[PDB]
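Have a look at the structure below, then the notes.
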Amino acid sequence: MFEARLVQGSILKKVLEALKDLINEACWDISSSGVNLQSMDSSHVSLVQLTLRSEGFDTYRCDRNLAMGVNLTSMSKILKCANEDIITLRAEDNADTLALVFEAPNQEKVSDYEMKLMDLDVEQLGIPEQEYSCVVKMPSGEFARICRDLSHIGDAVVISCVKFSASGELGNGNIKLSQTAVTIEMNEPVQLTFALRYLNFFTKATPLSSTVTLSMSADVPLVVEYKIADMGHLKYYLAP
Amino acid sequence: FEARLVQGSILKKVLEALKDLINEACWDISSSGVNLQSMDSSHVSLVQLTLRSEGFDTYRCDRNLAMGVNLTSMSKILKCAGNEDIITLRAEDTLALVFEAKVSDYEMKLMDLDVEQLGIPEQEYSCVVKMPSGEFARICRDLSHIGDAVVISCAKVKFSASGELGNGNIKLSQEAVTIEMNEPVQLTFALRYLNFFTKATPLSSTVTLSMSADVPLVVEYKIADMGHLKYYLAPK
Amino acid sequence: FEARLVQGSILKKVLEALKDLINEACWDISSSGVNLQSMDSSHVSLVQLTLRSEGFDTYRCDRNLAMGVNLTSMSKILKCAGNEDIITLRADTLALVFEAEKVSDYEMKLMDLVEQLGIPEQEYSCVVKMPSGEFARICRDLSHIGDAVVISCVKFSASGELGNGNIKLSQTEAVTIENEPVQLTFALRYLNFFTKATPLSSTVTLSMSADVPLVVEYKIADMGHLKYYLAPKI
Ligand SMILES: COc1cccc(Oc2ccccc2NC(=O)[C@H](CCC(=O)O)NC(=O)c2cccc3ccccc23)c1
Ligand SMILES: COc1cccc(Oc2ccccc2NC(=O)[C@H](CCC(=O)O)NC(=O)c2cccc3ccccc23)c1
Ligand SMILES: COc1cccc(Oc2ccccc2NC(=O)[C@H](CCC(=O)O)NC(=O)c2cccc3ccccc23)c1
Ligand SMILES: COc1cccc(Oc2ccccc2NC(=O)[C@H](CCC(=O)O)NC(=O)c2cccc3ccccc23)c1
Ligand SMILES: COc1cccc(Oc2ccccc2NC(=O)[C@H](CCC(=O)O)NC(=O)c2cccc3ccccc23)c1
Ligand SMILES: COc1cccc(Oc2ccccc2NC(=O)[C@H](CCC(=O)O)NC(=O)c2cccc3ccccc23)c1
Ligand SMILES: [Cl-]
Ligand SMILES: [Cl-]
Ligand SMILES: [Cl-]
Ligand SMILES: [Cl-]
Ligand SMILES: [Cl-]
Ligand SMILES: [Cl-]
């Protein structure tokens, strides 16, 4: 049996909302350590890692590790029927059902939901703690705007250490944010260009953290990192 | 006939309540009240509108009148005015509506719809609920994403549904919530039709689900100082 | 040519005014002030924009520039325009630069394009001054009734399948009426076109006469005006 109670179920609503557009399903490494998820879109050009430490959950119980096949299309639709509700996630031992219980502040309205888990168990490999050439911390909003505004112009953005440049039939546009909350560290300067479509899939996680961190290097994929307070982090990986 | 209602919002929110359920209806323009009673196209629901002349600030209506009205057409006319405008209605056979504040006047071509209203009897109900309107809305809405049928059960009330992605049950315990349960009943109602009734939520916050086997459910909304909007639904 | 406008929102609300009515127009960039004159694809109405160089902080126009821009493309490239962003234009391609420290810069391709008529000041029998937003709802609320208002001297009238609808106003922001009574039926669909320029000012003047097209005029704060010439239906 797996039982996690989250007083601010809003965390779960925003997280499911974040990855909903990128992947539809994933193996959840429901472990006593925490909830780790590793998954990839249908075009196999991006990877999403979600870390949810058991410390953040007010009550966490996981007798027996478990890899859940979650249809995140159904889960996010379920979690929408809840922003202050206390969400508890209960997974009975060897049931095809993941239970999601929504308890209001006032114990007046309680709603219980069941989802049909699937068979998706892929043994997640592990990335290394890598050293990136130039990394940038900026407001999540500005990164959303830069990705959104430059998307009406071109299908891809050109990032350089910082300048965001995208070109198209309408014209060309260069957006540069100098240091100030913005902080650039460029050990070795790198110029990599990324498809804007998938970046705007990552920008759906902007309600999780106020600051987004972009790790770029020529020998590794881009790493957009949104941090979940206490619980952990949400790492997006994209290839040039 | 002439009726002046300062709180023109009441007239706006009413028409917006029924535009989706019924498209046309007869209006029993009576010296007592503006009673309307019509049924949907598919014959699975009935609305009854009571507008006491007491709520109308100036109410004339001498000779008794049965107006057939195209609510869709009237809804657009009534949604032209803002929630602050003062609304007056006049007739002799073309419904006239005037909106004060700049003053604007429109005229709606009435139609020929005179089906004789029938008498509904005050029935006893096994279970009767009084919840805050907002809860009833969300409860209906969220459950509709799951499936298209709510199973309202009653214990000294639970809304439940089962669908393709899963199954759900929402339980509410005793604004405020009251559950007079003479006999415990459980029924299944179509959520699409219920979500037409929730369009009358701006009228007031007290929604009352008078519910009982052997009779159709009656979702009642209460227009303040005037009358009430009763929504009847047939179990499946 | 370089023209820096600090109240960048103006050019935002400007381009959004013409974006719908005119898809392509010629900006005759001039030393006194940028002027635009173009007509819709149905040739029933003309818009004339006047933005004087006095409003722009720095303004240098060392030529008779005739930029054929694509207003649809410019309303787009006028996105990422924070309302308080400061926007400057330069001089075949049009550059736009936005400054807040984010400092985005854009470049636009320009079409090659027709001349400009010399519209004269002309005598209007009935001129009406009303609150700008009130005009929009008058057109919008009446629009659900019919496809044409009948403006009289001031009452607006529409007639449709649902029924007739009349809205009236009296002298009193406020309302100001003027010489000879006129009643002209005007196309509604093109009247709501002009109402998209309401964010630029709080007063609209329905300068209206019988022997000439109606002139809905909006006064851009300080910098100039935005005139709309709509012909009556018959
Ligand atoms: C052994 O070396 C590998 C190499 C690549 C992926 C892999 O698997 C994973 C490991 C860790 C984390 C996530 C995944 N992969 C996944 O989770 C998803 C399963 C469904 C989902 O959860 O979205 N696999 C695919 O998309 C996929 C299917 C088939 C071929 C592919 C080739 C390249 C990229 C992806 C695929 C294992
Ligand atoms: C799983 O966790 C990881 C961990 C580290 C990297 C990673 O890769 C990616 C990361 C971000 C974006 C895109 C990709 N992935 C890619 O760019 C392409 C897609 C293949 C294709 O173009 O069809 N390669 C593979 O996925 C692949 C093929 C064969 C063998 C492999 C062995 C290990 C890892 C990947 C492969 C996936
Ligand atoms: C967290 O994902 C990671 C993390 C770390 C490594 C990594 O990829 C590898 C894995 C094993 C062995 C070698 C490589 N890496 C390489 O072979 C070269 C290094 C340069 C060289 O050829 O010397 N980089 C790439 O292929 C590559 C570049 C950019 C984006 C990419 C996205 C997906 C796959 C590859 C790339 C993927
Ligand atoms: C004789 O006993 C009855 C029994 C049932 C309904 C009835 O009619 C009404 C009574 C009061 C108020 C309004 C209506 N009638 C209506 O609402 C509309 C027309 C007027 C309107 O749309 O407002 N008729 C129908 O729905 C309808 C048409 C044909 C057969 C039906 C069978 C069952 C249910 C409805 C119909 C009279
Ligand atoms: C009008 O005022 C009323 C008054 C009382 C009941 C009523 O009925 C309903 C109320 C709410 C929801 C749905 C229905 N209606 C129904 O349940 C079904 C229609 C379902 C179907 O045909 O699939 N029957 C009839 O309405 C009907 C058929 C024949 C003769 C009748 C004589 C009197 C009353 C009704 C009928 C309508
Ligand atoms: C305001 O709507 C009403 C109100 C009150 C009665 C009523 O219906 C009747 C009218 C005259 C005589 C008998 C009945 N009642 C009945 O026939 C039986 C009771 C037992 C019996 O008499 O055989 N109830 C039902 O059919 C029925 C159940 C559920 C929902 C329904 C919705 C529409 C129509 C019927 C039902 C309709
Ligand atoms: Cl997928
Ligand atoms: Cl972390
Ligand atoms: Cl109908
Ligand atoms: Cl009552
Ligand atoms: Cl054109
Ligand atoms: Cl002027």
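FYI, residue positions are counted from 1 along the chain as it appears here.
Structure method, as recorded: X-ray crystallography, 3.8 Å.
For all residues, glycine too, the Cβ spot is worked out from N, Cα and C.
According to Swiss-Prot, the protein has these features:
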MOD_RES   C:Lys13  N6-acetyllysine
DNA_BIND  C:60-79  DNA-binding region
MOD_RES   C:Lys76  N6-acetyllysine
MOD_RES   C:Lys79  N6-acetyllysine
DISULFID  C:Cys126-C:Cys153  disulfide bond
MOD_RES   C:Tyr190  phosphotyrosine
MOD_RES   C:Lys227  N6-acetyllysine
CROSSLNK  C:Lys233  SUMO2 cross-link
Discussion item. Excluding near sequence neighbours, so keeping only residues 6 or more apart in the same chain, what lies with its CB under 8 A of C:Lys233 (SUMO2 cross-link)?
Written reply: C:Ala148, C:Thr185, C:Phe186, C:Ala187
Item to complete: Quick one, can you pull the C-alpha distance from C:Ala91 to C:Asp92 in angstrom, nearest whole number? The 4 residues in between aren't in the model.
Response: 8
Worksheet entry | Folded-back contacts onto the DNA-binding region (C:60-79), same chain, C-beta under 8 angstroms, at least six residues removed | 1-3, 11-12, 15-16, 18-19, 22-31, 53, 87, 91, 94, 96, 106, 108-113
Item to complete: Whole-number Å only: compute the distance from the Cα of C:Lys76 (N6-acetyllysine) to the Cα of C:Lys13 (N6-acetyllysine).
Response: 12
Item to complete: Compute the C-alpha separation of C:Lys227 (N6-acetyllysine) from C:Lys79 (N6-acetyllysine), stating it in Å without decimals.
Response: 24
Worksheet item: In sequence order, which residues at least six apart in the same chain have a CB under 8 Å from the CB of C:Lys13 (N6-acetyllysine)?
Response: C:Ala197, C:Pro199, C:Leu200
Practice prompt. Write down the Cα-Cα distance for C:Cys153 (disulfide bond) and C:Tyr190 (phosphotyrosine), rounded and given in Å.
Written response: 20
Fill in: Distance, C:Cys126 (disulfide bond) to C:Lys79 (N6-acetyllysine) (CA atoms, angstrom)
39
Discussion item. Could you tell me the whole-number distance in angstrom separating the Cα atoms of C:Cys153 and C:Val154, on either side of the 4 residues that were not modelled?
Written reply: 4
Item to complete: Report, as a whole number of Å, the distance between the Cα atoms of C:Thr172 and C:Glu173, which flank a stretch of 7 unmodelled residues in this deposited structure.
Response: 9
Worksheet, complete the sentence: For the DNA-binding region (C:60-79), the DSSP residue counts stand at 7 helix, 5 strand, 8 coil
